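Colleague: Sending over a structure as structure tokens; questions will come in a sec.
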Amino acid sequence: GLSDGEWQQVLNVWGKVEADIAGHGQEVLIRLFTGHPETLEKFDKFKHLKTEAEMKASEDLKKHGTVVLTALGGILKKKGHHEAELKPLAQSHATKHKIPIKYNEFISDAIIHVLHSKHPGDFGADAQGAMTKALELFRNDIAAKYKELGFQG
Ligand code: HEM
């Protein structure tokens with residue numbers, strides 16, 4: 001999937017996200033919600049936010065941010081050996097939350113954006129390459145599980 005050199009890059013970048021999981025989590029979800037308003041409708045607890053200020057002022061949104069990035073970090077530290085960690089995720093987003101694979105695409109892009117925004121100039125081309133490949137692997141493995149379930153939509 002990835003070489004050990006590329007995994008090394010991913011984990012180096014992840015070190016930036018661990019220094020402020022809540023600020024990073026928050027900005028990823030705001031970037032998603034503002035850029036793709038339909039994603040907001042999948043969250044009954046956040047569908048009430050209409051402005052970004054409101055979003056920025058929501059402590060519950062920062063909390064969910066932490067939950068998401070904690071789960072992602074766990075998976076990335078497995079360097080592709082994440083079947084155990086991913087099956088459950090895949091299963092709940094397909095059967096319970098009914099999240100199209102496309103939104104995983106969106107959040108993937110929103111991570112890259114936020115890293116460039118918070119770390120201008122020290123999110124290099126090699127680092128971007130490794131991070132993108134890692135997210136792709138994650139997305140691909142999810143998609144495999146969605147297929148088994150026939151979560152067509
Ligand atoms: C980077 C990928 C993602 C990660 C690691 C992630 C992680 C999580 C985790 C750990 C939970 C709580 C446990 C569970 O319900 O399985 C959760 C809940 C949820 N996720 Fe995700 N998620 C991701 C992507 C998304 C996307 C793209 C959407 C929607 C556009 C989404 C929608 C939801 C919803 C609606 C819930 C339930 C929230 C609640 O009411 O508490 N997830 N997610």
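The chains in the structure tokens are called A, B, ... from first to last as shown; in each chain the residues are counted from 1, and the ligands are counted from 1 in the order shown.
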Let me have all residues with an atom within 9 Å of ligand 1, counting only C-alpha atoms and all ligand atoms, laid out as a PyMOL selection string.
Modeller: chain A and resi 29+32-33+36+38-46+64-65+67-75+86+88-93+96-108+111+135+138-139
Colleague: Using only C-alpha atoms, which of the listed residues (A:1, A:31, A:9, A:26) sits closest to residue 123 of chain A?
Modeller: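 Ranked by minimum distance to residue 123 of chain A, first place goes to A:9.
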Colleague: Work out how far apart atom CA of residue 66 of chain A and atom CA of residue 24 of chain A are and give it in Å to one decimal.
Modeller: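 Straight-line distance from atom CA of residue 66 of chain A to atom CA of residue 24 of chain A works out to 8.3 Å.
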